[PDB]
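Given as structure tokens, the chain that follows is alone and in the form deposited without the named molecule.
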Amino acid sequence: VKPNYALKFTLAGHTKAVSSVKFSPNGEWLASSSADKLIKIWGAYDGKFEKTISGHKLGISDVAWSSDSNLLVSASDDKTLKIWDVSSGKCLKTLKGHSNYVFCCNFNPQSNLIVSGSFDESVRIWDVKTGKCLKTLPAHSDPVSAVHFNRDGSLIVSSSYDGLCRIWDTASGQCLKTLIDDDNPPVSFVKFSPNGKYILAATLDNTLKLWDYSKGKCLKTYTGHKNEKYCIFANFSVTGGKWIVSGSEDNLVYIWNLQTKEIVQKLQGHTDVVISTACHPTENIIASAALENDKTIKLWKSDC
């Protein structure tokens, strides 16, 4: 079994490098963020441009959806996160507290909380309703590259240029685990598996690893792509075959068989680094996005 992703749409409109693309949990929408300070919303199935959401004073590195698909949070170089009402485009809350660029953000499954990671080396936990910062974790000793809640939100995984991946107890802020590796290249990306048992970690030595969280053990390695420079998103594709999906600094989307670790597909089309990829929640649809020689988002669909 191999996928057969084919190009469906190319979405143009951002005026600088695109930073992050995410499908709404209800599958209806794609949100994108960019160095151009804008969020844009697009129909997931027809690629139709819906609206632009603006307000950040500097470039945006990440965006994330609430569980009901009604809210977005964005993380910006302006040191803030913003919570947006997607239907109105209005900024509901500006989340202030970070002392440097906000790099990464996610809601928890209940979506009463938001977690953020910053160049200021901290992880913050925010109350969605009030916009107040509930906890500041002294998480790392370099910029925080990624933050992600597990399946029920009880845990937070973070990664950093300090070479570490740490797991945090959401309720107490306490560190449950630091992943044990003999070496410490920058960790550029981390995410829980959908069942919360595994962690997918990227390092800037062209390497993705699947870690068993309970055992503290590396189970799988995925290679062949280029990743030495940028914090590139990776994914679990679960709708058809069980794949790992990543962007690449050679302008390609890479798809691996999760279990065998074989490259099953490489998607060509982009004309710059593929910084971000996202997997649709119910269909075999990938969204990919690229840096400033390109500035487009591509939507791809497979039979499996």
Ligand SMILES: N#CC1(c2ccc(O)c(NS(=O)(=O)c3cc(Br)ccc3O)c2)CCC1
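One-based numbering along the sequence shown. So that the term is clear: the rigid core is the largest set of C-alpha atoms that superpose within 1.5 Å between two forms.
Participant: On a core superposition, give the stretch, 214-222 or 78-86, with the larger average C-alpha separation from this form in 9 other deposited structures of this protein (RMS over structures and residues).
Facilitator: Evaluated in 9 other deposited structures of this protein, the stretch farther from the shown form is 214-222.
Participant: Kindly name the stretch, out of 203-211 and 181-189, whose CA atoms are displaced more from this form in 9 other deposited structures of this protein after the core superposition?
Facilitator: It is 181-189 that deviates more in 9 other deposited structures of this protein.
Participant: Return whichever of 110-118 and 214-222 has the greater mean Cα B factor according to the PDB record.
Facilitator: Result of the comparison: 214-222.
Participant: Give the stretch, out of 101-109 and 194-202, with the larger mean C-alpha temperature factor in the deposited entry.
Facilitator: On average, C-alpha B-factors are higher across 194-202.
Participant: Which is it among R124, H148, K229, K82: the one with the largest CA B-factor in the entry?
Facilitator: Out of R124, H148, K229, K82, the record gives the largest C-alpha B-factor to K229.
Participant: Taking only the Cα B-factors deposited for this chain, tell me whether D78 sits in the lowest, middle or highest third.
Facilitator: Its C-alpha B-factor, which the entry lists for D78, ranks in the lowest third among residues of this chain.
Participant: According to the PDB entry, is the CA B factor of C91 in the bottom, middle or top third of its chain, that is, lowest, middle or highest?
Facilitator: Its C-alpha B-factor belongs to the highest third of this chain's values.
Participant: Relative to the other modelled residues in the chain, which third contains the C-alpha temperature factor of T277: lowest, middle or highest?
Facilitator: It falls in the bottom third of the chain.
Participant: Compare the C-alpha B factor of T207 with those of the other modelled residues in its chain, then answer lowest, middle or highest third.
Facilitator: Middle third, going by the recorded CA B-factors of the chain.
Participant: Going by the recorded CA B-factors, say which third of the chain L258 sits in, lowest, middle or highest.
Facilitator: Highest third, going by the recorded CA B-factors of the chain.
Keep in mind that the form deposited with the named molecule bound is missing from the display, and what follows is about it.
Participant: Hey, with the named molecule in the entry with it bound, do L210, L219 and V238 all fall inside the 4.5 Å heavy atom range?
Facilitator: Yes, all three are in contact.
Participant: Please identify, from 23-31, 238-246, 39-47, 262-270, the stretch that has a heavy atom within 4.5 Å of the named molecule in the entry with it bound.
Facilitator: Every other range fails; the passing one is 238-246.
Participant: In the entry with it bound, which of the listed residues (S154, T136, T223, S193) lies with a heavy atom within 4.5 Å of the named molecule?
Facilitator: Residue within 4.5 Å of the partner: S193.
Participant: If the cut-off is 4.5 angstroms on heavy atoms, which of these, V253, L258, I53, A278, is the one near the named molecule in the entry with it bound?
Facilitator: Comparing distances to the named molecule in the entry with it bound, the residue within 4.5 Å is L258.
Participant: Should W84 be classed as touching the named molecule in the entry with it bound when contacts are defined as heavy atoms within 4.5 Å?
Facilitator: Contact with the named molecule, no.
Participant: Going by a heavy atom distance of 4.5 Å, is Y198 a contact of the named molecule in the entry with it bound?
Facilitator: Contact with the named molecule, yes.
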